[PDB]
Each structure stands twice: as structure tokens, then as C-alpha cells.
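Trainee: Here it is: the structure, laid out below.
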Amino acid sequence: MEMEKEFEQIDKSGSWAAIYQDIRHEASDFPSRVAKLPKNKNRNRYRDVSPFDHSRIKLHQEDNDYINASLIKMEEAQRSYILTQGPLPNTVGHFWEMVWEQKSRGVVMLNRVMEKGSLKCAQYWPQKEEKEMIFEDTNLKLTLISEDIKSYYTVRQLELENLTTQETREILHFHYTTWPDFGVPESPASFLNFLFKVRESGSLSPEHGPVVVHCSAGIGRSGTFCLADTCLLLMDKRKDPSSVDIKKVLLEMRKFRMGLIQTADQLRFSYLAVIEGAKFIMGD
Ligand SMILES: OCc1cc(C(F)(F)F)ccc1N1CCOCC1
């Protein structure tokens, strides 16, 4: 069923809350035993948001390999994403260790450091060229190279150095700065423009490690970003683009991380983004 018609049918009937609860009920439940070990309590931002054991990213160290991060592997679309929480004061070194070890080119940030008057993630990147950051626990150095500030997003060029080998890599930081403190954006235009920019950078392409995507919990806005990207890629690859079922794609992604899409309004926004996006895809 063409999703645009499914959309108008749900909107006219006002059943968004009903559809959303059906997804919640059918979603996968897999063990997260490593996340719940007492040694890992200060590595989790939220008690109710944990990576599944089968899909968690492992840090390459013998001490403690745990980070709150999941590998989302979309077999038909040929895309992989790492979805993670906003880093905590004691996990900023783990975060950059993961980017290094997984060979990521891009980090996608969908939150502000402060929202609703509270801290939603650590200040984990340098704000001035001449004041670099050193992570002594993981032996990394991070330098701000350049910053491009636009109305709806900021792009940063960062240099990450493995202090052990003196190898360096260029990381691109894509920061969406205008998601509202409450609800979802009224139009998906600026969100789609932003995805367009991440794609154009090479950050989502198979010659690199998976993109790292985060918000505060790494399930809501983060969920919306990967769901929209994968649905648009499938509409490009298939003979019958109308066969793309956004609810079935979301349930496939929920095999790899719990809780993706946190509200009925985020579900409606994801539909709106894909419907508008495909327009820009089908010759326009
Ligand atoms: O050509 C497709 C396209 C065009 C634009 C445009 F028109 F603004 F230039 C923006 C985004 C996209 N992609 C990426 C995510 O959103 C939908 C698909």
C-alpha cells in the first residue's frame, strides 16, 4: 500500500498512537546481560536503554570491552550504522576509541549539549583550534581543524590521532542543531537537507566503517535518521518503490537495538520525511 495513502488514512482516523503501540508489541526482545553487569553502571546514561548482547559494539581491550552502542546491519539496503548514547564524562575516551577501532569516517549528532536546562551529553569535541583534547585512558588526541556553521546544522573537520602509532585520520562531525526541545520539526525539509549532506560526504559509503549516530539515548532522533536513510535507499533499488513498508523496516532495525522511534509523533515525522524525500528521489 503506497505509504502516502496509508499516511492520509492514519491521519484522518487519528490512529498514530494505535499503530505505534502495535510496533512496540511486535518488537524483538533479546538479552542485554553485559549492559546490566554492576561494573558497567556508570557506562549507561539511562537504566532502560541497553544494547543487545548479540549486536553490541566491543571495545578492543581486555580490561572492560563494554560501550552502550549497537551495530544496525541492513542486508537488502547494503548500509550499516552504529547507534550510540550521547557520551558521558567517564565514556568520552571509549567513544573515540570506538570511532578509531570501527574505521568510521563520520559522527552524526542530533542533540544539543544542553536541552530543557539539563546536560544531554558531554562536551566531547574541542571548540577551539589551539585547545586540543587528549583522552589519557584510551591514548587518543583530537584537534578541531575547521568549522562551517549554517542555519540548521554545523559541519566540523576533526583530526583523530592514535598516540600509540602516531597514525592520524580525518573525522567529519555532522551536528544537527535545530531539533526542538519538545515534539518534532513541523517540516522535514531541513532534516532531509542534512541527511543529503551526510550522504554527499562519503560517511555512509561502504569504503568506510559504519557512521556513528547519536542523540541523548541513541534511539529516538537517531532511529529517525537511519530509518529515513534506509527507506529512501530501498525506494531507489527496487522496481516497485511502493513495496517499501516503513513499519516492516523499523521492526527489522529493532532486531539490532531496542526502542528505535520513541513516540507516535517521531513515527509520523519519519513517514513525512520518507514521503517528501522520495519526491527529491523520483526525478525531482
Ligand atoms: O536527490 C535526493 C535528495 C535531494 C535533496 C534536495 F532536493 F534538496 F537537493 C535532498 C535530499 C535527498 N535525499 C537524501 C535524504 O532525503 C531524501 C533523499
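We read in the header that X-ray crystallography, 1.7 Å was used to get this structure.
Even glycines carry a Cβ here, placed using N, Cα and C.
What Swiss-Prot lists as active site, phosphocysteine intermediate is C215. The annotation substrate binding site is assigned in Swiss-Prot to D181, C215, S216, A217, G218, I219, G220, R221, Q262. According to Swiss-Prot, the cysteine sulfenic acid (-SOH) annotation covers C215, on the basis of experimental evidence. The annotation S-nitrosocysteine is assigned in Swiss-Prot to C215. Marked as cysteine persulfide by Swiss-Prot: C215.
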Trainee: Counting only residues 6+ away in sequence within the same chain, which have a CB under 8 Å from the CB of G218 (substrate binding site)?
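Mentor: Once residues fewer than 6 apart are set aside, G218 (substrate binding site) is near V49, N68, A69, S70, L83, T84, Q85, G86, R257.
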Trainee: Could you work out which of the binding-site residues (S216, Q262) has its C-beta surrounded by the smallest number of other C-beta atoms within 10 A?
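Mentor: So among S216, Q262, the binding-site residues given, the one with the fewest Cβ atoms within 10 Å is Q262.
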Trainee: Counting other CB atoms within 10 A of each CB, which of the recorded positions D181, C215, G220 comes out lowest?
Mentor: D181
Trainee: Between the residue listed as 'active site, phosphocysteine intermediate' and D181 (substrate binding site), what is the CA-CA distance rounded to a whole number of Å?
Mentor: 12
